[PDB]
Amino acid sequence: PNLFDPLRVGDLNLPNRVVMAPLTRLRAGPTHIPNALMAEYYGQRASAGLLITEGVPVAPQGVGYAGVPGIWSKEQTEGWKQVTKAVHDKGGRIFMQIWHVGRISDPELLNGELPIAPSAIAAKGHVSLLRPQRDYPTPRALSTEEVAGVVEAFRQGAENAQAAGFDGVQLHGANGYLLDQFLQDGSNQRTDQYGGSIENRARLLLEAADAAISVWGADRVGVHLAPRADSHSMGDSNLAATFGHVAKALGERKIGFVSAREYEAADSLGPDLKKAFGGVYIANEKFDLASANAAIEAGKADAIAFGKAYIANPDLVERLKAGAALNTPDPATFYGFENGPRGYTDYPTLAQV
Ligand SMILES: Cc1cc2nc3c(=O)[nH]c(=O)nc-3n(C[C@H](O)[C@H](O)[C@H](O)COP(=O)(O)O)c2cc1C
């Protein structure tokens, strides 16, 4: 197949294999309530085979950025209904990315509380976007019973996404956030049932996945991974065995899809993870029209998610079909509530009259 061929993914027939990657934009602002501009933004992109939302924290403890939307409250759930209505009114399909940042945050975003983690080990470098610039804090290690609290927050988030009219949920198991912190032996030095073997390190991700499956059915659950461990101070002494284990466990659960942020190189685990998973595999990171087509024709991926191209190109599917020029993304308006429509809902389409 090629990028334009349909694909069945769980209980959905995608009309094409162009996916919108999850993209944090912070256009909700300090109430965390989704708004009509966010609804318009996803509706603009509804020609996608599948849309994935921006990461959505399942609890205030999972907030890493000012202006993120939430999925923990009824008022947030009501606000998301506008977004799913907008997408469904344009005949699109959308999953919510459900999220907990763990140690990748700052007490000023958590009402003075420490971010939480499997282990009291700070991420390297500075908190993104916050001024003045400051290092990540040493996080607070969860008790064993507080890990069950995290799973419950994921379950309730999966429930609220369902009440908000989503077609499914994708777990943010990627980019050094909480599930990835638990998964990798660089960040997880626990000695309870959540540390000290690949089985134990994968347990939180797989419990969160099982919570989502109980709400949605396996067909309406995806899991997002970053097997190169190249963002937010990640690292594991055997990435092939760690990610292989996750892929095989999710495959035994027959979930809708695995997605991965992982650019193509000789060291890519994607083809091995796709094989171990046995289901739909959505690749991502630095793909273009030709490399997307070549990867799908080679059976290396079933579909391709685009991040920065979908920021700048609401009609990306039509532009890729036409081999038309792409709008250049403006990184200065990727993030920030203040921006409103600017660099959000105002990128041009090919249409003129
Ligand atoms: C502004 C911006 C925000 C992002 N927010 C998220 C996020 O919320 N969840 C996530 O899993 N990845 C997030 N990513 C990563 C993208 O999903 C994607 O993996 C990355 O942009 C690489 O794909 P690309 O080369 O097509 O852009 C974000 C990337 C950008 C540029």
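Positions of Cβ are generated from backbone atoms using ideal geometry, with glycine treated the same way; all protein chains shown enter the neighbour counts. Computed from the coordinates by the stated procedures, all read-outs in this text should not be read as laboratory data.
Here are a few things to note about the model shown:
- Distance between the 7 Å Cα→Cβ label points at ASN13 and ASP267: 4.2 nm.
- Label point at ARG131 placed 7 Å out along Cα→Cβ; residues across region 315-353 whose backbone nitrogen lies under 20 Å: 330-344
- Gain on full stretching of the segment that runs from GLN352 to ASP192 - 0.36 nm per residue minus C-alpha separation: 51.5 nm
- With a simple spin-label model that places each label point 7 Å from the Cα along the Cα-to-Cβ direction, the separation between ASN111 and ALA298 comes to 5.0 nm.
- Dimensionless Rg over Rh [region 203-282; C-alpha; Kirkwood]: 0.96
- Reference-scaled alpha-carbon Rg (2.2 N^0.38 Å with N residues) for the chain: 0.92
- Taking amide hydrogens as placed 1.01 Å from N in the peptide plane, the amide H of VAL9 sits under 5 Å from those of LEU14, each at least 5 positions away in sequence or on another chain.
- Virtual paramagnetic centre 7 Å along Cα→Cβ of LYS254, amide N under 14 Å, in region 269-299: 278-280
- Under 19 Å of direct C-alpha separation, and excluding same-chain neighbours fewer than eight residues apart, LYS81 reaches these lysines: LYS90.
- Cα-Cα over 26 Å, subset of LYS254/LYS308; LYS85/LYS286; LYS274/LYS308: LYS254/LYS308; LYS85/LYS286
- For region 180-197, the Karplus equation 6.51 cos²θ - 1.76 cosθ + 1.60, evaluated at θ = phi - 60°, returns couplings of 6, 4, 5, 5, 9, 6, x, 9, 10, 10, 5, 10, 9, 6, 9, x, x, 7 Hz by residue, with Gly and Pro reported as x.
- Region 53-95 and region 242-259 have Cα centres separated by 25 Å.
- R0 of 22 Å, Cβ-Cβ distance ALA36-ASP330: FRET efficiency to nearest 0.05: 0.50
- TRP80, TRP99, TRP72 arranged by Cβ crowding within 10 Å, fewest neighbours leading: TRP72, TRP80, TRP99
- Loop-located GluC sites (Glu not before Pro) in region 52-118, at most 12 other Cβ atoms within 10 Å (DSSP): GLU113
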